[PDB]
């Protein structure tokens, strides 16, 4: 083999896949990065050679988006991947493809609020029955499955309570029951957990959070384990017109190269911050998979690779008013906003951004979600200490 070739029998290791996976220099010019195909249509050789070069119209497929999809499928370990404008678009495409009137769908009751509301308020009007259950015990999944059940939709770790779901056990249950297991691994990243290695049928990802990790783009990704699922997803994406654009795909191809080192820094910072918070006299409870008080420490040790993530949560003593004061006084470098998984550490209120339906979802009084970034951990802890001084 010569320059530009991978060694025969090569299995690139993880970080190599994040830097190089599924992307090669441009054949025409040798450009080390994939050029941006900011372009609607593609000229055909003739009528008989329609699609001979692989492209026709950017709503159906785009070369930059295709390069990103190949990289994403390689990173998550699936057959194929389809990229979308947003993570909600990926979720909605899954629900549109695999649910018909009369079908049943099991969802984790602490899913992302957008997923829950899109199921509850929109798709329910098509006479699809969504049942929200506790995924912490896989036996609940096994006993709630009906003959009409098509999709089991898990999420691990959960937004924002950080509950874990045993992806391997749930997937075994679903294979025995012949139902599609879809897993939302946005909080974990493939660097900490790949549900496809654990038997899941589909992975859904909001690339907005960690794939980007720069507060730059929006994006979604559906990673399919087989060709049939992938082809159904691709067809429906073309039908619904929610494909990701070439510029976003270029941004994400760039940002994905640093996901491992970013997540390593974020999870080290998060470990230190969780320990600090767990020894703080104004903090009632701290949720982080890496500290011994984590209720699902056994599952986290079984399921998490490399790290325990940049996401944590905590409750301030005194409830809603103390939490609101603290968040109103959290100083820079923190940012009080709605995203997560970025270089910029973010602090959020889930509720104030009915308590009867929220206390059942785990978001109790004074629940604070923390997305740790890559700043100096001491500056972050200084800001947190000052903010807690106002609680």
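Numbering follows the first chain given and starts at 1.
Unmodelled deposited residues between residue 353 and residue 354: 4 to 9, per the record. For the pair 61 to 69 and 323 to 331, the record assigns the higher mean C-alpha temperature factor to 323 to 331.
Taking only CA atoms, the mean B-factor in the PDB entry is higher for 104 to 112 than for the other of 255 to 263 and 104 to 112. Among the modelled residues of its chain, residue 296 has a C-alpha B-factor that falls in the highest third, as given in the PDB entry. Looking at the C-alpha B-factors along this chain, the one for residue 138 belongs to the highest third. In this PDB entry, the Cα temperature factor of residue 230 sits in the middle third of its chain's modelled residues. In this PDB entry, the Cα temperature factor of residue 55 sits in the middle third of its chain's modelled residues. When all modelled residues of the chain are sorted by CA temperature factor, residue 370 is found within the middle third.
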